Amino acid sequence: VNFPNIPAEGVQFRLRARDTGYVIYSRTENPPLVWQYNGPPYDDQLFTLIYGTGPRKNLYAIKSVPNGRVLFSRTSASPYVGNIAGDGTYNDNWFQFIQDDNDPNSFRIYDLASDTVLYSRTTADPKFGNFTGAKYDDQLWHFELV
């Protein structure tokens, strides 16, 4: 089931992991360019959605506020999660927000092109990334409105 409370198109938000409490950031310099972060609020943690239409209905591009790049999540090449210019030129720029089966207030950030979800954990490296496999709680996110 698609997450029923997706931010209106163009509205700004942070993406905060339910369990770790870390947020996603997206910047243009100093790798990792897209990763999780535990610390103060900065602009590179702010995103907006472009709503998919036609074949991309129910998918969304996740655009960085300060730099305008959109997120990607892929299994083809490192870095697996990153950013790129444009408004969703590539199929791996398109995400589905899938509500959790048990917790109605959290969702997985799912990528149809790569069949992956994003995760945030405090255990093994890489502590942030994408994953094709079983459902774990570390894959659960909130939209944090600003």
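Sequential numbering from 1, following the sequence displayed.
Mean CA B-factor, 111 to 119 versus 41 to 49: the higher value falls on 41 to 49. Per-stretch averaging of Cα B factors for 100 to 108 and 28 to 36 places 28 to 36 on top.
In the deposited entry, the Cα temperature factor of residue 126 places it in the highest third of its chain's modelled residues.
Residue 70 sits in the middle third of its chain by CA B factor, as recorded in the PDB entry. Annotation for residue 140: CA B-factor lies in the lowest third of the chain's modelled residues. Looking at the C-alpha B-factors along this chain, the one for residue 134 belongs to the middle third. In the deposited entry, the Cα temperature factor of residue 15 sits in the bottom third of values across the chain's modelled residues.
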